[PDB]
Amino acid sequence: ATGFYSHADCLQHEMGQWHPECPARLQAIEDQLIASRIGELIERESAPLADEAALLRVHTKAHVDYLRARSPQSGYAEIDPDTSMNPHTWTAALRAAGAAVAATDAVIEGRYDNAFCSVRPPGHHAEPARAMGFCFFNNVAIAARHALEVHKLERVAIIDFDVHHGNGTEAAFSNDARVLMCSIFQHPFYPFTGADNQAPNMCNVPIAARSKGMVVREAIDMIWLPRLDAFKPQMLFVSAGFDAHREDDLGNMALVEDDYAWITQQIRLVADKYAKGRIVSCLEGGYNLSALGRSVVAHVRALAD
């Protein structure tokens, strides 16, 4: 069984009408789960609020206190040129991190074989002391650190296939031998890091603009899988971003739904080998509403196989 974590509060976050990281991203996912009838092989779960101790396993106290103080009573408060808080962003971000924590508790406990968190705002750009690029708290990193420190797991792997490099995840874990990060990312591209001075636990593969899926499959098969087979992670955490899609206006790569299906199958195989199938996956980016819905459904269906 596959758990599906979301919350209505996540729709209340918005950063202006023009902004592509918008509430209709979550509604597009809901519509496609209906039109595909794949919403019937998952169990719906409500995301809880993340508590401070969950956040402080990843972020600094000043980071958390800043966003709490920055949360506006009305209008918007700017974070960076394309990231702002509205009076709902704080609650939404707690739900997004909350989802990832609670999915982790449910998978380790054996309630679900795996889970997906259909949540907003995304996480993987949020460094321990830097909110940026639509991200406030690093949902995936917070979930992995939950499994390490609370459930006392010894080894976890983070898979990030968003088009943008997960700088936030690299900045959290470059001294943490219990974590392996495997990723693909468009290069050179925002956030313009991740290609150099890679810690030994960082397996982040730069990908050229306009690359199609066969380049990513080759990269995953020849580079990720031997790292993962050597590491044997006891659980897998997924920064499931779908903006490397051919139809995405914010990326310049050319994946399609079948690629996301194929990638998820690999994640399943690694998890079945070493992790008792335990996977938690969190929505990152992905901005064409039709292709986002279609790509999340292909991902989710491969999790429920």
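Residues carry their position along the shown sequence, with the first being 1.
Mean C-alpha B factor from the entry: is it higher for 104 to 112 or for 82 to 90? The deposited B-factors put 104 to 112 ahead on the C-alpha mean.
Got a sec? Mean C-alpha B-factor, which is higher, 37 to 45 or 270 to 278? Averaging CA B-factors over each stretch, the winner is 37 to 45.
In the PDB entry, which of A291, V297, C10, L283 has its C-alpha at the highest B-factor? Highest C-alpha B-factor among the listed residues goes to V297.
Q198, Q186, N139, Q73, ranked by C-alpha B-factor: the highest one: Going by the entry's C-alpha B-factors, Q73 comes out highest.
Comparing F173 with the other modelled residues of its chain, is its CA B-factor in the lowest, middle or highest third? As the PDB entry reports it, the C-alpha B-factor of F173 lands in the middle third of its chain.
Would you mind ranking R68 by its C-alpha B-factor against the rest of the chain and naming the third, lowest, middle or highest? For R68, the deposited C-alpha B-factor lands in the middle third.
Looking at the C-alpha B-factor of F192, is it in the lowest, middle or highest third of its chain? CA B-factor rank for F192: middle third.
Which third, lowest, middle or highest, does the C-alpha temperature factor of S239 belong to within its own chain? Ranked within chain, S239 CA B lands in the lowest tercile.
For the chain shown, is the CA B-factor of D259 in the lowest, middle or highest third of its modelled residues? Ranked within chain, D259 CA B lands in the lowest tercile.
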